[PDB]
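Okay, structure first, notes after.
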Amino acid sequence: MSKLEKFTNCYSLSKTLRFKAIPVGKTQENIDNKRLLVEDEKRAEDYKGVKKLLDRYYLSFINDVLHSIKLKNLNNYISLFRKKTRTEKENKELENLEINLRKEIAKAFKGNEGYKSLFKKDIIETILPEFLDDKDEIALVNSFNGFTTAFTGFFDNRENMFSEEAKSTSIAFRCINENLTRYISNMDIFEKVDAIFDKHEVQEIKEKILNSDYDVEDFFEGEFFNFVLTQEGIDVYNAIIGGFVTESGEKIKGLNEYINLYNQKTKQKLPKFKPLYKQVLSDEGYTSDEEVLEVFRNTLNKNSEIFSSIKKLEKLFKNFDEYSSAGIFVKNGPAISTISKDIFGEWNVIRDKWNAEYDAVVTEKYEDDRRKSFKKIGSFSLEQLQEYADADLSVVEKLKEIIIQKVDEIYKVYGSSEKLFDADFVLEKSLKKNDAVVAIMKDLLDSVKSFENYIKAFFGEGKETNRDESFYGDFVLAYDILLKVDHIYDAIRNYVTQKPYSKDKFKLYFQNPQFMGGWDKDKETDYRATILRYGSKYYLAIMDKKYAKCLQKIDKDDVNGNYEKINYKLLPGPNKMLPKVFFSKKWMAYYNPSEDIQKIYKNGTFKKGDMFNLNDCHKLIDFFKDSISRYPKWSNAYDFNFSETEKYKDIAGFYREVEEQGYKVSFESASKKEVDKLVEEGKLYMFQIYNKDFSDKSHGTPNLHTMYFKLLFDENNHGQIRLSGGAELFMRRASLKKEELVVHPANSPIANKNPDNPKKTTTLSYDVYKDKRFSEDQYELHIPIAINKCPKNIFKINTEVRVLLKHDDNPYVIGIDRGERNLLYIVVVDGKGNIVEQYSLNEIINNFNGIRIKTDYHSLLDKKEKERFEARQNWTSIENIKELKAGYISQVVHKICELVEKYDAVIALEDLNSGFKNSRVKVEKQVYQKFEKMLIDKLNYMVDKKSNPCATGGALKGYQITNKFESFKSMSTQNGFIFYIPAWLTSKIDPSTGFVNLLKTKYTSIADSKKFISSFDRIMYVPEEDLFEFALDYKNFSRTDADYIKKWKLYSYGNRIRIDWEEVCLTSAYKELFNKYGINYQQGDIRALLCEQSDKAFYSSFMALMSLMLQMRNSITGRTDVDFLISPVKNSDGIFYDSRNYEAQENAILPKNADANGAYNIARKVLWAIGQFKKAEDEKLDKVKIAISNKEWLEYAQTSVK
RNA sequence: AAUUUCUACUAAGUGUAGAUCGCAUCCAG
DNA sequence: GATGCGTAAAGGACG
DNA sequence: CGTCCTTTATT
Ligand SMILES: [Mg+2]
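According to the authors' numbering, the first sequence holds residues 1 to 283, 292 to 367, 375 to 1074, 1085 to 1227 in order.
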């Protein structure tokens, strides 16, 4: 009984192994003499070029078929599509009509005589040359005759366009699912808004755009949709909506622009047409320091157009008073928060302005509408913002001083960068080496980008009642120029952030278009590549084109050393392969197939479905079985032991056996003398398949992929991992010069970087060079493999994880959370919520032999954040921080893998599509999404390297506890052993009571504060405890529906940390407040006394003191010692939860800090979810809904504690 | 600071620890 | 964010 | 013929 070990051999997946390929002997000389590499580097260039020419015919071919087409179901489909109350029967009716529509488009493509020719040899040899009209391009297409086979991959990418399936690549899909659905939506919008388009306005568009061939109304009739399948037709339809610019250039207004004016001018909100997506085939980074510089000078010197639009916007905003503040608008969004701070000094007073009119009891159903309606608003006028502005304060004037300040900052930064615009300037050093120059460009780009990004707010996305077009004329003219800095900024950064070395490479064919296509022995002459082994070393051997058979003649040498030559036989896709060989002209003549058999095949009765007859399919199997016996190329290669025919449920049952039997890998001896002579003579090319684990000096644990590779040829491996075909060989030219490599000279001691390492310095007897692998040309060999090619343990993973979780008595849960003080923090929890392990993942502990050395990745990040501060916020420091986090999570994955194996444990993770990230966490959402993906990816085939490969958990019996990754949005609910959970109320919660603070202690008014105090059931001093007790029922406050216990007694117990910062003792601070105002707090119930007080400074200190008492999380930024969590509520035994009572202990039963509390409580929501499983029937476990609500959570957190 | 490749390394001396699905194509803001 | 290949053996063109 | 390139068959 182990949950983990029921998840092996569940599904097949493909992986690629990568290696360095080191030439052996005369191989590199022979390759150099034959000029093979130069051929392939050129071929790659021409191959990329021919693909674009090939596109042109494909594109032209699409227009011919799409123009001719006429869709049959159109009117019937659109109607059914529009019904808003469809029976489930009618929804399937729509799907059939939708499938038929796509099938009409696909069959129109594939029904041509021409369609088959496009992806055959013929397109390059004959069709394309006649199509082209340029002598040079025809020569290029001509260079690839006899090399058509190498285009297959491209051909497949184009075959996807003509599919009838509902797939992103398809033409039919773009027409029917996306463009039709949009067209229908535009028909709906058109009839509502039809009238507002002026009689004159339409007749324009018909002459100016339509050219008088069609009426604008036609484009919104359903039967007219055929015109818009082509890119030409789409351009016209989108032109009507967007507006057109003639050959003369006269601006022609679009229907969507008309609607804008109308809704604007009348302060209404009618809808606007969606434009149609492009057709599927209709129509790069800076490469050098000289190019990067050239753009910086050209676009940002003092007489560039961007600098011209800055001077115009300075003149425009200098005249800000001259314009109408009622017709100047600020877009609603982040820019409202910023501009609110800019002039008042306060983010949320402009919030209060609109709140002042809109603002007293708050049901959250009213609160959402209260909150939702303000979000609905598109923008605010300067007049509305001045309606906010208290008297004596001018919103326009101090906006002017802020904008003008930003342009003066640009001009000062220009003077500091001025020598970077001299025509005389030349670059002394490379930019990445040249921190000074990169800092100069960054400073100028930033000051302009910030000015651009700030000024962008003055839009109002209008859609806006009468706008000051005198202001928005000059403004729009200049801003459209200024917006060019966005593209410039991104490109220059992406260049500075790049690595110094280049991974550019080109594929090697050795003059074979199907080079190294597969490893099968029979095909080894055709492919001219194979695999040799000598002891521990492996080699890729390549026969030269003039001597393809040279390896086949070699025989074993008894006396001398021998290579091990691979003997690889595969029967790939028997369902594909078995018929073609047995129904081929060559074999059909040999073997008389009864008319029943060719019937069954032509009829399709063997295939599962309504046409299926078990006997018919059985008969076909026996046909295949006898023919395999008659076909000795297969029967002799594979020891076929088929199950008795009667047992087969379907044809796939027979095929599955064939597929699993049809694989065999062994080795044959081959004279090492004879083979080596072949290499010397130039007839054979030999590379060692190499990574650092194959080094003579290598010792200790190898790479996981080193194990997969060696296991391919291990006889303890039995199809668990298959060696796949389609391997590719590349050449990556060096991108660094050996002289320009950083060297640590031999016999001089090198300073070690890790603080925790005891050894501070290392001295070697040899030189070591940074990035040495890129100072030389390097072959790399990519090898695909197939794991669990024939899976036996077929079940839906999630349903199985749910069944085991239900019946498992003590389920273990691994809760992972992101902390402010901790990169990641782990809590392991048993089936009843008891903490089993809790610790931070700030330090990764690496194990080699018995030695342990830790790496504090949190200290690493801190040192790199400090390095970011120094040298401003340099472009690279951000990258270095990004990659360090990306390499950190690759360490964390292994730690999670151990815990999962150790505790047979289910993982609990945050749902990142619902929760909101505080940004106090170090690991931002973008890095965590990466992590949760890697997690999923590892758990498709979870393996412990140090385990023996044949054991479950080992490299041949990997755990499959997770389904293949789909999308970040799919990282929700559950993926096998991984559960995704909202982070809500997981940190600011008392773990010993489930208590949470649902009160709003923000001070608004004296009257608001009185109603707050009166809503408590009692407020009294407790002499026998020296505490103030606040009995409350949450029913008497608003937005308290989620809480379950409702009745709580708060206490002013212990200290809090007010935020600089000060420590506040709650009990004495209440006494201090009450004594300041003469309140007798010892006189039983005090509630009357506090409300009697008439001073506003009293209620503000009181609400502030309530805020602190209900502030359960207390921290000092920069003081990692102080992150304590303290509860104002007693538990069953009258104890207050204080996290510091447990951070002292080594094994604590409750969370040790706020960060541990989060991981603890993320894990507990899975426990609730397991509780939901144990409630349901085994059959309906699929139906159980995992997502926990804030109401369900608070009930579980407050009842399960006991 | 060496790497199939990435990060952290130097890990006891040409390397350590973990991770690593390649290749082509299309569509998106 | 999705597509598709990870192939041996039939089949044919060219000397 | 051979040899090299092409085309093919799909639960
Ligand atoms: Mg190692």
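Every residue gets a Cβ at the ideal spot worked out from N, C-alpha and C, and that includes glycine.
In the DSSP assignment, what residue or residues form a beta bridge with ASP871? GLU858
On a Cα-Cα basis, can you pick out the residue from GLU232, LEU523, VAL193, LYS192 that is closest to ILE209? By alpha-carbon distance to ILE209, the top candidate from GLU232, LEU523, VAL193, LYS192 is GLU232.
Just mark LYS1177 as buried or exposed, buried being the case when its beta carbon has 16 or more other beta carbons within 10 Å. buried
Take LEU397 and list the residues in its own chain whose beta-carbon comes closer than 7 Å to its own, dropping the five residues that flank it on each side. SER333, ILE336, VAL410, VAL411
Taking the alpha carbon of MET986 as the reference point, which residue from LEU270, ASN656, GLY930 has its own alpha carbon closest? Nearest C-alpha to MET986: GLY930.
For the beta strand (DSSP E) containing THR1019, list its first residue and its last residue. It is not in any beta strand (DSSP E) - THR1019 carries neither H nor E in the DSSP assignment.
Considering only residues of the same chain and omitting the five flanking positions on each side of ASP1005, which have a CB-CB separation below 7 Å? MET1137, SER1152, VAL1154, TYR1162
Please name the residue in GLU204, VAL574, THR660, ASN1182 whose C-alpha comes closest to that of residue 372. Because the chain is numbered 367 and then 375 with no intervening positions, residue 372 cannot be located in this model.
Closer than 6 Å is what we want: which residues have a beta carbon that near any heavy atom of ligand 1? List them in chain order. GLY715, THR716, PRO717
Using a Cβ-Cβ cutoff of less than 6 Å, which residues in the same chain neighbour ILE138 once the five nearest sequence positions on both sides are dropped? Within the same chain, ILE138 has close Cβ partners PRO129, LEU132.
Across which residues does DSSP place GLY624 in a beta bridge pair? The partner list for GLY624 (beta bridge, DSSP) is empty, contrary to what the question assumes.
Within 10 angstroms of the Cβ of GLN676, are there 16 or more other Cβ atoms? Answer buried if so, exposed if not. buried
Buried/exposed call for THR620, threshold 16 Cβ in 10 Å: buried
Cβ-based neighbour list, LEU53, same chain, cut-off 6 Å, excluding 5 preceding and 5 following: Result list for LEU53: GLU137, in chain order.
Below 8 Å on the Cβ atoms is my contact criterion, and I expect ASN813 with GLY991 to pass it. Report the Cβ-Cβ distance as a whole number of Å. Confirmed, Cβ separation roughly 6 Å.
Looking only at DSSP bridge pairs, what is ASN1070 linked to? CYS1090
One question on the structure: do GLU178 and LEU74 come within less than 8 Å of each other, judged by their Cβ atoms? no
Could you pull out every unbroken beta strand (DSSP E) segment of at least 3 residues lying fully inside the stretch 488-575, listed in chain order? 544-549, 552-558
3-residue-minimum beta strand (DSSP E) runs that sit fully inside the stretch 916-1004, ordered along the chain: Positions of the beta strand (DSSP E) runs, each at least 3 residues long and wholly inside the stretch 916-1004, are given as 921-925, 993-996 in order along the chain.
For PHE466, I'd like the list of residues in its chain whose CB is within less than 7 Å of its CB, leaving aside the five on either flank, ordered along the chain. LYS421, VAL422, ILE425
Identify whether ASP1032 lies in helix, strand or coil by the three-state DSSP scheme. coil
Given that a residue counts as buried once 16 or more other Cβ atoms are within 10 Å of its Cβ, and exposed if not, what is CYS10? buried
Going by the CB atoms, is the gap between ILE1111 and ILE1034 shorter than 8 Å? yes
Per the DSSP calculation, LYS110 is bridged to which residue(s)? Bridge partners of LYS110: none, in fact.
Only counting the same chain, and skipping five residues up and downstream in sequence, which positions put a Cβ closer than 8 Å to that of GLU90? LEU80, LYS83
Looking only at its own chain, which residues have a Cβ that is under 7 Å from the Cβ of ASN762, when we skip the five neighbours before and after it? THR778, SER780
Rounded to a whole number of angstroms, what is the C-alpha to C-alpha distance between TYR903 and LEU839? Straight through space, the alpha carbons of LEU839 and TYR903 are spaced by roughly 10 Å.
Separation of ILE171 from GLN279, as counted between CA atoms: 7 Å
Per-residue DSSP class, three states only, for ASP1163: Secondary structure of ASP1163 (DSSP, three-state): strand.
How close, in whole Å, do the beta carbons of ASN263 and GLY242 come, if the pair is a contact with beta carbons under 8 Å? Contact doesn't hold; Cβ gap of about 17 Å is too wide.
Under a three-way DSSP split, which group does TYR1095 fall into? helix
Give, in chain order, every unbroken run of the alpha helix (DSSP H) that is at least 4 residues long and sits entirely within the stretch 5-85. 27-33, 36-68, 74-82
Do the stretch 1048-1060 and the stretch 1003-1019 touch if we need at least three Cβ pairs shorter than 8 Å? yes
Out of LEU1091, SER1164, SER1119, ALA1046, which one is the CA nearest neighbour of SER1132? That would be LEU1091, whose Cα lies nearest to the Cα of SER1132.
Mind checking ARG817: buried by the 16 CB within 10 Å criterion, or exposed? buried
Could you please give the first and the last residue of the uninterrupted alpha helix (DSSP H) stretch that includes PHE682? Counted as a single uninterrupted DSSP element, the stretch harbouring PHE682 is not any alpha helix (DSSP H) but the beta strand (DSSP E) occupying residues 678-686.
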